[PDB]
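First the structure, in the form of C-alpha cells, and then the observations on it.
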Amino acid sequence: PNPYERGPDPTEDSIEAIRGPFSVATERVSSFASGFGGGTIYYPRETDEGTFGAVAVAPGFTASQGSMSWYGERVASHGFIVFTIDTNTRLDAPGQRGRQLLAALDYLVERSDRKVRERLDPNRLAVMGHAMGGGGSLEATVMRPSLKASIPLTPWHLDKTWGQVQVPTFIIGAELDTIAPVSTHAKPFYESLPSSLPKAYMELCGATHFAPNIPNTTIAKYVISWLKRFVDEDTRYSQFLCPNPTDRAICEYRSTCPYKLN
Ligand SMILES: [Ca+2]
C-alpha cells in the first residue's frame, strides 16, 4: 500500500466539499523570516494517519497573502500543510517569487514551530501561486527540480519557454483574463512544458484575472486532486484527472493523461 494515502476514498462530492476531512490549525510566521515576507501556515490537526506534504503559495504583483488565504483551510483540510506567503516586496518579479517560495519551503523544513515540523514530510513539497506568483511557481520548479508538483494559477511570466521542467505542473487559466491572458501566458507555458511531463491546463469559462483569489469549487477540487496525485502519489485521485474533466465551468482542458504511476 501507498504509505502517503490520507483520508477516505474520494468521491466527486468529497473533493468539492468546502471542509475536507481534517480539522485545520494555523501558525503565523513573522516577516523577519529569512528569504520571504512571512506568512500563515495552515495544517491538519489530526496526526494519527501520518505526516503530510506541503505546498507554498505565492500571491501576484502588488498583492499579499490575503489574496490567497482561502486556499489555506480549503486545501489543508484535505491533508496538506499550506503556507500562504507574503513576498519581500509587493513589487517582486517572478524569479524573486520563485526564490521566495523555496525559502518558505525551507523555513517549513528547517525552522518552523514544532507543531508544524512534527506534521511535515520534508521530502514531499509543492508550489502554487497566482499571476506573477504563478510565474514564480514555474521558476521554483527549475530552481528546485525535486518538487513534487507545481500549480501556476492564471500565471504571468515574460519567458514563454519551460521545456526542461520535470515537476508535474497544472496550469489554470481564466478565459476572459486581460492581465495574464491565456493566449500569451498560460497556454504558451503549457505547450512549452515537455510533451512527456505529467501536466494539465484548465481554462475557466467566463473567469477574469482575480478568479483564483476567491473560493471556487472547480479550482479547489482539481488543485486538491493534483496535490493528492503528485504530492501523495495517491492514485485514488487519478479518476478525477484522467480522462480530462468535463465540468460545465471548464471551457477548455488539455492534459498528458495517463499519468503513469511511476
Ligand atoms: Ca523576511
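In listed order, ligands and their atoms are each counted from 1. What's counted below: heavy atoms across the whole structure, side chains too, no hydrogens, waters or symmetry copies. Throughout, residue positions are numbered sequentially from 1 according to the sequence presented.
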Using the rule ring pair (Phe, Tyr, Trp, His ring centres under 6.0 Å), only one of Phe22, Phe80, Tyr43 pairs with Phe52; which is it?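 Going through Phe22, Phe80, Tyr43 one by one, the ring pair (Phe, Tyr, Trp, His ring centres under 6.0 Å) with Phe52 is satisfied by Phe22 alone.
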
Do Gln239 and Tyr237 have side-chain atoms, one donor and one acceptor, less than 3.5 Å apart?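 Note: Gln239 and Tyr237 side chains miss the donor-acceptor criterion.
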
Do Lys187's NZ or CZ and the ring of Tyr201 fall within the cation-pi criteria of under 6.0 Å and 45°?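 No cation-pi geometry.
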
Can an N, O or S atom be found in [X] less than 3.0 Å away from the Ca ion (ligand 1)?
X     : result
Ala33 : yes
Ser31 : yes
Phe36 : yes

Is atom CZ of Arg119 surrounded by more than 12 heavy atoms (other residues, nucleotides or ligands) closer than 6.0 Å?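 It does: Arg119 CZ has more than 12 such atoms within range.
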
